[PDB]
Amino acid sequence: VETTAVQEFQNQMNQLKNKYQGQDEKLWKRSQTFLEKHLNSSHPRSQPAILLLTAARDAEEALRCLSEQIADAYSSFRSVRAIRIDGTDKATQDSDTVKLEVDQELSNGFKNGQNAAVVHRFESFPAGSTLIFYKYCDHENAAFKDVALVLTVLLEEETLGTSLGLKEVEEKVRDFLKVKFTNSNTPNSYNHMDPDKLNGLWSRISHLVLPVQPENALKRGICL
């Protein structure tokens, strides 16, 4: 049955749908169904809500805005914004150092009243640092189960077009991350990627993968 948390969530998502009219209907339908179910789920929860949004280059600004505003919509009943993390801010960096930074940022927020995070540009984290998402995204042993994490992946393709089905979009994201995380892997890091760890990460963050379309009213770079 529907809660006041969900009614606030729906209030905010309705506004988003009205502001961003260039999206696939299934973006809104499937993300709301997924996140409401988590918000409505009984305690104890077994897993955080983990939503993966992706986009091609021609939709970079929509990806950034809609991911953060959907995460804030999840938290609106709590009158706090989602935690913001950005992988473009981490790429040149020592993997173990980045892992400590991400862990501190997420844990500090989640311990102190915040219940969602947006993880922008997940593909740009140094590969080994992304092992921190086992702590936060594991199927049953995650550190905070009563939260949402919205992750984004910005593809290097110029456009997705509107013809792709979700299975093809998911394969694109999976394949692209495998390339990015192999490229940025540093085996001499304490935390380093390997094939089983990479597939395990993919399994834990790919529950719901949705594409985001361009919004010309965003080229401004200011969210609506």
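Residues carry their position along the shown sequence, with the first being 1.
Annotation for 212-220 versus 199-207: the higher mean temperature factor (C-alpha) is found in 212-220. The PDB entry reports B-factors from which the mean C-alpha value can be compared for 35-43 and 62-70; the larger average falls on 35-43. Listed residues 120, 145, 78, 135 were ranked by CA B-factor as deposited; 78 comes out on top.
Looking at the C-alpha B-factors along this chain, the one for residue 27 belongs to the middle third.
Ranked within its chain, residue 160 lands in the highest third, by CA B factor from the PDB record. Sorting the modelled residues of the chain by their CA temperature factor places residue 54 in the lowest third.
Annotation for residue 130: C-alpha temperature factor in the middle third relative to the rest of the modelled chain, per the entry. Sorting the modelled residues of the chain by their CA temperature factor places residue 179 in the highest third.
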